[PDB]
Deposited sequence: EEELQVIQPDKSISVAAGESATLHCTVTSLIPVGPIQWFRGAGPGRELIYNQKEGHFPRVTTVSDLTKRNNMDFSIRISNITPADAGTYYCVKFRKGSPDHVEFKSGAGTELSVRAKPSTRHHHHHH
């Protein structure tokens, strides 16, 4: 069964530096997008969906068999502090449905 693995429980970044948030999936099935959020609450913030100026993917997503969905966030400030979740969605009608979430990585800003 598909796992969403966020190895880092927490990371510590100096304001102005970049944060690398790691996430890998263990399957391409079921088919559907990976999204990053800050928070797991009902008003969680969208951080990345396959636009946001300061985010890039660590790996090349336009590549068959890719299972790395780690992201890099540039120019970190205290406004970025929080817990970041990598979330797999299954494709559906009308829209994609949340399938499974990674464990969360806490970003502290020094």
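Comparing the deposited sequence with the modelled residues shows gaps at 1 to 2, 53 to 55, 116 to 127, with numbering starting at 1.
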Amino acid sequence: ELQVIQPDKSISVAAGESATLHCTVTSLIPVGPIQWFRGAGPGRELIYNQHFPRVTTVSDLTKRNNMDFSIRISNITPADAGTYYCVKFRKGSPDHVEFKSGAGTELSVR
From here on, numbers count along this sequence of modelled residues.
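On average the C-alpha atoms of 29 to 37 have higher B-factors than those of the other stretch, with 78 to 86 and 29 to 37 being the two compared.
Between 1 to 9 and 100 to 108, the higher mean Cα B-factor belongs to 1 to 9.
Sort the chain's modelled residues by C-alpha temperature factor and residue 56 lands in the middle third, per the entry. Sorting the modelled residues of the chain by their CA temperature factor places residue 64 in the highest third.
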